[PDB]
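Reminder, nothing fancy here: chain letters follow the sequence lines and each chain counts from 1. Values below: every heavy atom of this structure, side chains too, minus hydrogens, waters and symmetry copies.
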Amino acid sequence: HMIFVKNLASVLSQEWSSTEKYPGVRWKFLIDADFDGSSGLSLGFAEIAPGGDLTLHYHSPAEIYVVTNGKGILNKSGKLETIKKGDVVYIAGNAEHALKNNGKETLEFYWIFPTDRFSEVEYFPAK
Amino acid sequence: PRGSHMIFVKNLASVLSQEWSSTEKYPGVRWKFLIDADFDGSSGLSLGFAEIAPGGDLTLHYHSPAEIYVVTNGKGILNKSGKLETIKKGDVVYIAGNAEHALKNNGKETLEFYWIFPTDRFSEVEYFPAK
Ligand SMILES: C=CC(=O)OCCC(=O)O
Ligand SMILES: C=CC(=O)OCCC(=O)O
Ligand code: NI
Ligand code: NI
């Protein structure tokens with residue numbers, strides 16, 4: 001029956017994760033079985049630099065974004081909609097989605113998966 | 001129309017027509033549902049938004065699904081099954097399934113946060129009082 005609090009300061013020593021497939025995008029893990037032994041939900045924090053783009057993709061689990069700073073263009077399987085600080089996004093499982101930062105300030109958000117860990121979630125490129 | 005691959009965006013202004021929920025058991029607490037099968041047809045995860053006024057108290061309780069808090073405004077005291085720890089804007093909280101927990105706003109600003117359940121809908125979560 002664990003309960004714990006976490007913020008970005010708590011994971012300072014965790015190096016930013018990144019990948020060439022998503023330019024200007026980086027992320028850290030805050031609630032994750034591989035880090036904390038938590039289960040049922042897992043949560044990370046992502047930063048998209050201005051001009052950064054998380055390209056079009058999907059994964060089987062449903063997913064939530066909580067947008068904490070900036071603004072961006074969300075690609076909803078081909079339909080664009082602007083998101084910004086204070087928005088939440090629901091992304092059904094296997095729904096193709098993309099997010100690019102078209103602003104001057106950093107696009108920041110948490111993501112949530114109904115999985116114990118991020119590493120079990122399989123990303124696939126959209127057709 | 002919303003299908004099994006729905007993607008949508010919400011904020012408080014989106015749910016203006018939804019009345020704030022509250023209860024005398026949790027004085028100074030009110031909430032709305034933002035991502036929820038019963039309102040949106042969504043599944044797998046559900047999310048609401050809660051505000052605790054100064055002096056408000058969400059009292060000690062548990063439920064079988066794990067839960068996450070995303071604190072977005074103010075300062076609170078989290079009851080971690082007996083331990084009192086401060087949480088504030090910018091924190092996230094993980095609450096294991098069946099872990100007893102409470103949340104109190106001992107500050108002078110509104111304590112605001114999202115909660116997330118690994119459920120289709122809030123309505124399926126059974127709440128139990130503190131043992
Ligand atoms: C740093 C971001 C990342 O790994 O992507 C998470 C967001 C998503 O699943 O679309
Ligand atoms: C009425 C209380 C409420 O919705 O709180 C949700 C957070 C929790 O279940 O601890
Ligand atoms: Ni995704
Ligand atoms: Ni709870």
Side-chain angles (χ1 to χ4, degrees), chain A residues 16-19 22-32 41-70 72-78 80-83 85-99 101-103 105-115 117-126, chain B residues 1-11 14-15 33-37 39-47 49 68 70 92 114 116-121:
Chain A
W16 287 105
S17 299
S18 47
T19 177
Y22 307 144
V25 169
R26 62 181 186 175
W27 65 95
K28 288 195 194 188
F29 309 97
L30 307 189
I31 298 169
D32 195 275
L41 298 171
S42 54
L43 183 150
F45 174 77
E47 285 178 8
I48 305 185
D53 192 346
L54 170 71
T55 61
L56 198 64
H57 71 283
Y58 68 95
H59 32 56
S60 63
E63 182 176 28
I64 290 183
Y65 295 166
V66 176
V67 184
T68 60
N69 193 74
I73 301 300
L74 174 73
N75 185 341
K76 310 181 300 179
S77 309
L80 306 178
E81 181 180 0
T82 291
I83 61 173
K85 179 180 193 173
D87 291 344
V88 303
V89 187
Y90 173 80
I91 304 171
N94 292 321
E96 305 182 343
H97 58 287
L99 182 58
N101 178 2
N102 68 328
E105 50 174 4
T106 303
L107 176 59
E108 303 169 27
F109 60 105
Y110 300 105
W111 80 83
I112 301 94
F113 278 130
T115 70
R117 51 179 52 83
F118 176 84
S119 63
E120 75 184 66
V121 177
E122 242 190 285
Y123 282 63
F124 300 102
Chain B
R2 282 184 173 171
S4 64
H5 284 186
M6 66 177 64
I7 299 166
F8 60 86
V9 179
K10 301 275 194 94
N11 48 47
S14 311
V15 291
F33 313 96
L34 277 60
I35 298 173
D36 196 280
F39 294 77
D40 308 284
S42 47
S43 56
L45 296 169
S46 58
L47 175 150
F49 177 73
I68 281 175
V70 172
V92 300
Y114 299 110
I116 301 92
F117 280 122
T119 61
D120 295 348
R121 55 193 167 93

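- Considering A/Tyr65, A/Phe45, A/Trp27 as possible partners of A/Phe109, the one that fulfils the ring pair (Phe, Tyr, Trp, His ring centres under 6.0 Å) test is A/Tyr65.
- With hydrogens and angles disregarded, a donor-acceptor distance shorter than 3.5 Å links the side chain of B/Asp120 to the backbone of B/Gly44.
- No side-chain heavy atom of A/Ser77 sits under 4.5 Å from any side-chain heavy atom of A/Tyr58.
- Put simply, the side chain of B/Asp36 never gets that close to the backbone of B/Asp40: no donor and acceptor are under 3.5 Å apart.
- Heavy-atom minimum distance, A/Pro61 versus A/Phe113: CB-CD2, 4.0 Å.
- Here the side chain of A/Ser60 pairs no donor or acceptor atom with the backbone of A/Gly93 at under 3.5 angstrom.
- For the atom pair CD of A/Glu63 and CD1 of A/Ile91, the computed distance is 4.5 Å after rounding to the nearest 0.5 Å.
- With hydrogens and angles ignored, the 3.5 Å screen pairs no side-chain donor or acceptor of A/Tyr90 with any backbone N or O of B/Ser46.
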What do the steps show when you test A/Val67 against A/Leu107 for side chain to side chain contact (heavy atoms under 4.5 Å, CB included), and what is the final call? CA-CA 8 Å; A/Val67 184; A/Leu107 176 59; 4.0 Å; yes

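- Side-chain contact check for A/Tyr110 versus A/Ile64: every heavy-atom pair is 4.5 Å or farther apart.
- Here CD1 of A/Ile83 is found 5.0 Å from CG of A/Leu74. Values are rounded to the nearest 0.5 Å.
- When side chains are defined from C-beta on, A/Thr82 counts as touching A/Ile73, because their heavy atoms get closer than 4.5 Å.
- Between B/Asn11 atom CG and A/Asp87 atom CG the span is 4.5 Å, to the nearest 0.5 Å.
- In this structure, the side chains of A/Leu41 and B/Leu45 come closer than 4.5 Å at one or more pairs of heavy atoms.
- Scanning both residues, A/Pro114 and A/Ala62, for their nearest heavy atoms gives CD-O, 3.1 Å.
- By the 4.5 Å heavy-atom criterion applied to side chains, B/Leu47 and A/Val66 are counted as neighbours.
- In terms of modelled atom types and a separation under 3.5 Å, the side chain of A/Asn69 and the main chain of A/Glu105 share no donor-acceptor contact.
- Under the 6.0 Å cut-off for aromatic ring centres, B/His5 and A/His97 do not qualify, their centroids lying 6.0 Å or more apart.
- Of all heavy-atom pairs between B/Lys10 and B/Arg2, the closest is CE-NH2, 4.4 Å.
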Can A/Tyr22 and A/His57 be said to form a side chain to side chain contact (heavy atoms under 4.5 Å, CB included), step by step? CA-CA 11 Å; A/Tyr22 307 144; A/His57 71 283; 4.1 Å; yes

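- The two residues A/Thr55 and A/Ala98 have their closest heavy-atom pair at C-CB, 3.9 Å.
- At least one side-chain heavy atom of A/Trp16 sits less than 4.5 Å from a side-chain heavy atom of A/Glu47.
- Nearest heavy atom pair, residue B/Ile35 against residue B/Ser42, reads CG2-OG, 3.7 Å.
- A/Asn75 contributes atom CG, which lies 11.0 Å from atom CD of A/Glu81 (distance to the nearest 0.5 angstrom).
- Between atom CZ of residue A/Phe118 and atom OG of residue A/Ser17 there is a gap of 8.0 Å, rounded to the nearest 0.5 Å.
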